[PDB]
Amino acid sequence: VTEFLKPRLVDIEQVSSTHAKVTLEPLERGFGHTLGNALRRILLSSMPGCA
Amino acid sequence: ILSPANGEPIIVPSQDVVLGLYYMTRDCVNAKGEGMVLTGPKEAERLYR
Amino acid sequence: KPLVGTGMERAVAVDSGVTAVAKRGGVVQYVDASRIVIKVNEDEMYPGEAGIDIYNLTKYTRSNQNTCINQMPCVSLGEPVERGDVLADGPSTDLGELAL
Amino acid sequence: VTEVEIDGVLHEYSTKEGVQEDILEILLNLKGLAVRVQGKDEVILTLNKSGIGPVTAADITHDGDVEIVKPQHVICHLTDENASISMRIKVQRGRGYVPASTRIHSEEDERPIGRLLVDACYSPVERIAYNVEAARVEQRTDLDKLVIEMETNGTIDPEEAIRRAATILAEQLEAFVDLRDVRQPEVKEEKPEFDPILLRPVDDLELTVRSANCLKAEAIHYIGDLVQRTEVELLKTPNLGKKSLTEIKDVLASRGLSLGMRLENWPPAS
Amino acid sequence: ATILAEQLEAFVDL
Amino acid sequence: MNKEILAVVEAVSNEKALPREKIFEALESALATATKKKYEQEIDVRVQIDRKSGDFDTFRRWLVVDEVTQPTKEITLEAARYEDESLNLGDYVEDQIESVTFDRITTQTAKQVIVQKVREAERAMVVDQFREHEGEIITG
Amino acid sequence: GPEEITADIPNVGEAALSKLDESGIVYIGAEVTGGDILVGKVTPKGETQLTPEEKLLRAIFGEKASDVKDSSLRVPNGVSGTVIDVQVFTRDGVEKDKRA
Amino acid sequence: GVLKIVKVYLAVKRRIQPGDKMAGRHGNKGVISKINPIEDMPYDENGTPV
C-alpha cells in the first residue's frame, strides 16, 4: 500500500535511573536492524557532550 | 545439565561459539588500540564497536 | 549447467533416456513446445518416408518418485542438426549436460 | 506483473501449439518483465501477436499511463506461420515481495481457470553499492561524500528512489523522536452499537436498478430508515409484484438483517 | 533521533 | 415429470388407497420438501403438477403473517396490491417456476414420501376393515 | 449393483459439485485443495428390502435413485495443487463417458 | 470386476522453505534454516550479495 508500519512501543524500563531498556514493537521485516544500527552508530561516535 | 553416566556437564558449547570466543580472546602483538587504558569493560565495548 | 563439471556430463546425459536425441541429421523443419519435426538430408533416407521424422516431447508427466519430467526443446528453428544430437533437454539437463 | 491470462491455455503446466517455450517459461519471462505505471495503481495490459518471430515487450498494447521500461525483453517465440497468442496481464503496484501462494483472498478469485497467478516480485532496485570518500569541502577537512550506485530495473527514478527511502526512514524514526510510554490499548471502549451498513443506501445490497428505483419510488434510500419498515409496505410500495419483490426478499433479508426491525437509536450521526 | 532526522531533512518530501 | 407420476399411479397397486388425485397431491408435498433442500430458503412450494393435463409449475406460498423472517413466505394481513392479488390470507405467488423433478434427491424423497404415505394409507384401511368385525372371534 | 461415476452426489452441497463437469469430473485447471471432490462416484449402498412392490417403483420411477452412497474420490487431506491431466480407462462393453 | 479407472493428476510448484535438505557434491549436506532478507546477507564491495 506504499504505507509502512509504525510501532506501538510497550516498555521504557528505567532500572537504576541511569541504565534504561526501551522496547519497540512492531517494526517491518528489516527495519529493526537498520534503526538499531543507525541509532547505535550515531550515539557511540556522533553525539556531542563534554568531558 | 549432567549426564546420568558421568558427573560431567552435558551442556558443552560444541563449535561455532568456541571458535567465536577463542577469536574474541587472543592477542595480536601489534593491533590497533594496543597500549591504552580502559575505565571498564563497557568502555572497551564502546571503543570496539 | 554446473559451472565446474567433469566432462562426463555430456556422456551421461546423451546415454540416458531423458533427452530426445536426434536419429538422422538434417534440418529442423518445425519446432514447437511439445513437438519437433525434422527433415532429414538426402543421404540418410529411404525410398518412401519422404524424410520427416517427428519427436513427441513428453510434457509434464509423473515419475516413479512423483517428481515432474519434461523435455523442452533446446534447438532453435531451421538450425541444421547432425546424427545423434540432443534436441530436447530432459529433466535437470541443459544443452545435453547433466545439470541437477 | 501479478496475474496473467492466455485465452488458449488452462493451467500454466500446459503448452500451446505454436509457441516455442512452455507456459511456465512465459510466466517466468513475464515476472522478468518490468513496467512503470503512472496514473493508476493496478492496470490490465493486452498482448496480441501473430506470425513467426520473437514476441517481446514492445508488442503489447501499451497505454499512456503505462510505459514499458525496456521493450527488447523477449517474452516468447512463435515458430509457425498461423500461430498466435492473445493474453491479458494484470499489473498492480506493490511494496516488497509476495509469493503466489498466500496472495489468495477468497475461494472464487481463482475459479476463472485462465487466471494464472505469477508470484509477484516487484522491487525496482537490484543491488545497492556505496562507498565514502573525502569530499572536496571548500574549507574543512575529512568530510565525507557518500557515493551510492544503484543497479535497478530502470523503472524507478534514482533521485526519486533516494528521496522516497529517506522519507521512509524519517517516518519510521519519528516513532522515537518523541517516544514515551504509549499504549494503543484503551480498555472499555464506548461506542454506539448502531450498525454502520444502515448508513449506506439500500441499493448497496447487490441487486438490480429497477428494484433500486422501486425503493426510490417510496423515497427510501436509507437502510437506517428501511429498518423501521416491515413487509407491510411492499405490495403497497409502487410496482412490487413477483420479480422485483423476489429480489427484495432475496438480497436483503438473507444477509443477516431483517426487512424492518424496531430500533430507537438513529441516526448518529447522519 | 533528532540529530538523525535533521540530517535526513534535506531529502524527504512531507 | 407428470407422465412419470402418471406411470407411478398406474404401477401403484393400491390405486384405491391413492388414485391419481391424491397421488399427485402427495407428490406436490414431496416436491415442496425437495425444494426445501434445493434452496436454503425454507419456502412452502405448492406446485399443482396439473395431474393429467401437463407438466408441473412450481409456485411459492406467502404464509400470511405480520412477520418477514424467511420473506419467501411472508405477507402482512392486507398486502395484496400488485398482481391484483386482492386477498389478505391465502394469497400465494408463483414467482419461481420449473424446479427439478428428476434429480437424485428429488427421486429419493419421492420414494420416501410414497412408501410412507402408502403404508400409512394401507394401515388406516385395514384398521377399519377389521374394525368391521368388532365383536367376533379373530385369530392372532 | 454396478458402480457409476455420475455428476450428482446425493448429499453434498453446490460447492462440492462445482468443480466437476456435466459428467462428474473436475475440469483441467481447478486449483483443488485437500478435501475437495475429484470424482464423482456413487455406489449401491442398501440391500435386503425384498419388497417387489417397491422394486417395481424404483426400477422405473427410481431406477437410479435407490441405494446411493458417496464413495467418491476426494483429494487426500493436506495435498493441494492443480489438476493437469485426467486419464480414463474404460472397460470395453461398458459404453462410454462424455469426458472419455 | 472393474469398469472405469479414472486417474487424475495433481501438480504443485513446490517452493523452497526453511526445513528442506540441500547438499553440494561432496557430502556437505545441510538443512536450510532461514530465508534471510536480501538486505541482510553479507555482500561484496561491488554491492553484490551472496
# chains A, B, ... in the order shown; residues from 1 in each chain; ligands from 1

call {"tool": "interface_residues", "arguments": {"of": "chain G", "to": "chain H", "cutoff": "8 Å", "atoms": "only C-alpha atoms", "output": "PyMOL selection string"}}
result
chain G and resi 3+38+80-91+94

call {"tool": "write_last_selection", "arguments": {"atoms": "C-alpha atoms", "output": "compact mmCIF listing (two decimals), in the first residue's frame"}}
result
# COMPACT_ATOMS: atom_id res chain seq x y z
CA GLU G 3 -20.65 -48.51 -9.87
CA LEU G 38 -12.19 -35.02 -7.88
CA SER G 80 -3.15 -29.15 -2.55
CA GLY G 81 -2.22 -28.20 -6.08
CA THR G 82 -3.51 -28.01 -9.63
CA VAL G 83 -5.10 -30.72 -11.74
CA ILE G 84 -3.21 -31.01 -15.02
CA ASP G 85 -4.37 -34.24 -16.67
CA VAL G 86 -7.12 -36.84 -16.49
CA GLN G 87 -6.83 -40.33 -17.96
CA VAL G 88 -9.89 -42.56 -18.27
CA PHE G 89 -9.58 -46.31 -18.82
CA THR G 90 -12.99 -47.72 -19.72
CA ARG G 91 -13.62 -51.45 -19.82
CA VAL G 94 -19.10 -50.56 -20.59

call {"tool": "closest_atom_pairs", "arguments": {"of": "chain D", "to": "chain H", "cutoff": "7 Å", "atoms": "only C-alpha atoms", "output": "CSV"}}
result
residue,atom,partner,partner_atom,distance
D:127,CA,H:47,CA,5.8
D:128,CA,H:47,CA,5.4
D:129,CA,H:47,CA,3.9

call {"tool": "select_by_dssp", "arguments": {"residues": "chain B", "states": "alpha helix (DSSP H)", "output": "VMD selection string"}}
result
chain B and resid 18 to 24 41 to 48

call {"tool": "write_last_selection", "arguments": {"atoms": "N, CA, C and O atoms", "output": "compact mmCIF listing (two decimals), in the first residue's frame"}}
result
# COMPACT_ATOMS: atom_id res chain seq x y z
N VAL B 18 32.83 -21.74 20.45
CA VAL B 18 34.21 -21.86 20.89
C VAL B 18 35.14 -21.18 19.90
O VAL B 18 36.11 -20.52 20.29
N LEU B 19 34.84 -21.29 18.61
CA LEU B 19 35.58 -20.51 17.63
C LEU B 19 35.38 -19.02 17.88
O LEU B 19 36.34 -18.25 17.88
N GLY B 20 34.13 -18.61 18.12
CA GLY B 20 33.86 -17.21 18.35
C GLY B 20 34.59 -16.67 19.57
O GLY B 20 35.33 -15.69 19.49
N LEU B 21 34.39 -17.32 20.72
CA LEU B 21 35.04 -16.86 21.94
C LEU B 21 36.55 -16.92 21.81
O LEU B 21 37.26 -16.00 22.23
N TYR B 22 37.07 -18.00 21.22
CA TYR B 22 38.51 -18.13 21.06
C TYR B 22 39.08 -16.99 20.24
O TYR B 22 40.12 -16.43 20.57
N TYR B 23 38.40 -16.62 19.15
CA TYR B 23 38.83 -15.46 18.40
C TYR B 23 38.72 -14.20 19.24
O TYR B 23 39.59 -13.33 19.18
N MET B 24 37.66 -14.10 20.04
CA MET B 24 37.49 -12.92 20.88
C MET B 24 38.53 -12.84 21.98
O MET B 24 38.81 -11.74 22.47
N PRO B 41 34.87 -2.52 31.34
CA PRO B 41 34.54 -3.36 30.18
C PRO B 41 33.62 -2.67 29.19
O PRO B 41 33.85 -2.75 27.97
N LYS B 42 32.59 -1.99 29.67
CA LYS B 42 31.68 -1.28 28.77
C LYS B 42 32.42 -0.26 27.93
O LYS B 42 32.10 -0.06 26.75
N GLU B 43 33.43 0.39 28.52
CA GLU B 43 34.24 1.33 27.75
C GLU B 43 34.95 0.63 26.61
O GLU B 43 35.01 1.15 25.50
N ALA B 44 35.51 -0.56 26.88
CA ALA B 44 36.17 -1.30 25.81
C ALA B 44 35.18 -1.71 24.74
O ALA B 44 35.50 -1.68 23.54
N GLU B 45 33.97 -2.10 25.14
CA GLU B 45 32.96 -2.48 24.16
C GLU B 45 32.63 -1.31 23.25
O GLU B 45 32.54 -1.46 22.03
N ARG B 46 32.42 -0.13 23.83
CA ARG B 46 32.16 1.05 23.02
C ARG B 46 33.34 1.38 22.13
O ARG B 46 33.18 1.73 20.96
N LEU B 47 34.56 1.26 22.67
CA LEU B 47 35.75 1.54 21.89
C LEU B 47 35.87 0.58 20.71
O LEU B 47 36.43 0.95 19.67
N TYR B 48 35.36 -0.63 20.85
CA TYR B 48 35.46 -1.60 19.78
C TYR B 48 34.38 -1.38 18.72
O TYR B 48 34.68 -1.31 17.53

call {"tool": "residues_around", "arguments": {"residues": "residue 7 in chain E", "least_positions_apart": "2", "cutoff": "12 Å", "atoms": "only C-alpha atoms", "output": "NGL selection string"}}
result
(:A and (42 or 46)) or (:D and (166-167 or 169-170 or 173)) or (:E and (1-5 or 9-12))

call {"tool": "write_last_selection", "arguments": {"atoms": "C-alpha atoms", "output": "PDB file, in the first residue's frame"}}
result
ATOM      1  CA  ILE A  42      25.215   7.741  15.958  1.00  0.00           C
ATOM      2  CA  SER A  46      28.490  11.376  16.795  1.00  0.00           C
TER       3      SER A  46
ATOM      4  CA  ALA D 166      14.770   8.940   3.085  1.00  0.00           C
ATOM      5  CA  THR D 167      11.108   9.764   3.675  1.00  0.00           C
ATOM      6  CA  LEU D 169      13.484   6.443   7.218  1.00  0.00           C
ATOM      7  CA  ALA D 170      12.338   9.773   8.642  1.00  0.00           C
ATOM      8  CA  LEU D 173      12.356   7.465  13.012  1.00  0.00           C
TER       9      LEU D 173
ATOM     10  CA  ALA E   1      16.725  10.603  16.759  1.00  0.00           C
ATOM     11  CA  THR E   2      16.538  14.382  16.399  1.00  0.00           C
ATOM     12  CA  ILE E   3      20.080  14.616  15.063  1.00  0.00           C
ATOM     13  CA  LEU E   4      19.419  11.866  12.523  1.00  0.00           C
ATOM     14  CA  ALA E   5      16.126  13.414  11.419  1.00  0.00           C
ATOM     15  CA  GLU E   9      15.711  16.660   6.369  1.00  0.00           C
ATOM     16  CA  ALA E  10      17.403  17.517   3.064  1.00  0.00           C
ATOM     17  CA  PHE E  11      15.728  14.705   1.095  1.00  0.00           C
ATOM     18  CA  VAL E  12      12.235  13.938   2.438  1.00  0.00           C
TER      19      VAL E  12
END

call {"tool": "closest_atom_pairs", "arguments": {"of": "chain F", "to": "chain G", "cutoff": "9 Å", "atoms": "only C-alpha atoms", "output": "JSON lines"}}
result
{"residue": "F:4", "atom": "CA", "partner": "G:61", "partner_atom": "CA", "distance": 6.8}
{"residue": "F:5", "atom": "CA", "partner": "G:61", "partner_atom": "CA", "distance": 8.0}
{"residue": "F:7", "atom": "CA", "partner": "G:61", "partner_atom": "CA", "distance": 8.1}
{"residue": "F:8", "atom": "CA", "partner": "G:61", "partner_atom": "CA", "distance": 6.9}
{"residue": "F:11", "atom": "CA", "partner": "G:57", "partner_atom": "CA", "distance": 7.3}
{"residue": "F:12", "atom": "CA", "partner": "G:57", "partner_atom": "CA", "distance": 8.0}
{"residue": "F:13", "atom": "CA", "partner": "G:53", "partner_atom": "CA", "distance": 7.7}
{"residue": "F:103", "atom": "CA", "partner": "G:8", "partner_atom": "CA", "distance": 7.8}
{"residue": "F:104", "atom": "CA", "partner": "G:65", "partner_atom": "CA", "distance": 5.5}
{"residue": "F:105", "atom": "CA", "partner": "G:10", "partner_atom": "CA", "distance": 5.8}
{"residue": "F:106", "atom": "CA", "partner": "G:65", "partner_atom": "CA", "distance": 8.7}
{"residue": "F:107", "atom": "CA", "partner": "G:62", "partner_atom": "CA", "distance": 6.0}
{"residue": "F:108", "atom": "CA", "partner": "G:65", "partner_atom": "CA", "distance": 5.7}
{"residue": "F:110", "atom": "CA", "partner": "G:62", "partner_atom": "CA", "distance": 8.5}
{"residue": "F:111", "atom": "CA", "partner": "G:62", "partner_atom": "CA", "distance": 7.2}
{"residue": "F:115", "atom": "CA", "partner": "G:54", "partner_atom": "CA", "distance": 7.8}

call {"tool": "atom_distance", "arguments": {"atom1": "CA of residue 138 in chain F", "atom2": "CA of residue 126 in chain F"}}
result
14.1 Å

call {"tool": "atom_distance", "arguments": {"atom1": "CA of residue 24 in chain D", "atom2": "CA of residue 75 in chain D"}}
result
11.4 Å

call {"tool": "atom_distance", "arguments": {"atom1": "CA of residue 75 in chain C", "atom2": "CA of residue 87 in chain C"}}
result
5.7 Å

call {"tool": "closest_atom_pairs", "arguments": {"of": "chain G", "to": "chain D", "cutoff": "7 Å", "atoms": "only C-alpha atoms", "output": "tab-separated table"}}
result
residue	atom	partner	partner_atom	distance
G:28	CA	D:10	CA	7.0
G:29	CA	D:11	CA	5.2
G:30	CA	D:113	CA	6.4
G:84	CA	D:13	CA	6.7

call {"tool": "interface_residues", "arguments": {"of": "chain H", "to": "chain A", "cutoff": "12 Å", "atoms": "only C-alpha atoms", "output": "ChimeraX atom specification"}}
result
/H:35-41

call {"tool": "select_by_dssp", "arguments": {"residues": "chain A", "states": "strand (DSSP E or B)", "output": "VMD selection string"}}
result
chain A and resid 11 to 13 21 to 23

call {"tool": "write_last_selection", "arguments": {"atoms": "N, CA and C atoms", "output": "PDB file, in the first residue's frame"}}
result
ATOM      1  N   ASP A  11       7.419  -0.646  26.444  1.00  0.00           N
ATOM      2  CA  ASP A  11       8.068  -0.511  27.738  1.00  0.00           C
ATOM      3  C   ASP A  11       9.248   0.437  27.652  1.00  0.00           C
ATOM      4  N   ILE A  12       9.352   1.286  28.667  1.00  0.00           N
ATOM      5  CA  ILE A  12      10.539   2.084  28.936  1.00  0.00           C
ATOM      6  C   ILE A  12      10.955   1.707  30.353  1.00  0.00           C
ATOM      7  N   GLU A  13      11.780   0.674  30.490  1.00  0.00           N
ATOM      8  CA  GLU A  13      12.199   0.229  31.811  1.00  0.00           C
ATOM      9  C   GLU A  13      13.388   1.060  32.269  1.00  0.00           C
ATOM     10  N   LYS A  21      16.185   0.531  29.417  1.00  0.00           N
ATOM     11  CA  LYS A  21      15.929  -0.529  28.452  1.00  0.00           C
ATOM     12  C   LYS A  21      14.601  -0.215  27.783  1.00  0.00           C
ATOM     13  N   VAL A  22      14.650   0.167  26.521  1.00  0.00           N
ATOM     14  CA  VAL A  22      13.462   0.521  25.760  1.00  0.00           C
ATOM     15  C   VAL A  22      13.116  -0.628  24.833  1.00  0.00           C
ATOM     16  N   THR A  23      11.832  -0.940  24.729  1.00  0.00           N
ATOM     17  CA  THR A  23      11.380  -1.873  23.712  1.00  0.00           C
ATOM     18  C   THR A  23      10.515  -1.131  22.707  1.00  0.00           C
TER      19      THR A  23
END
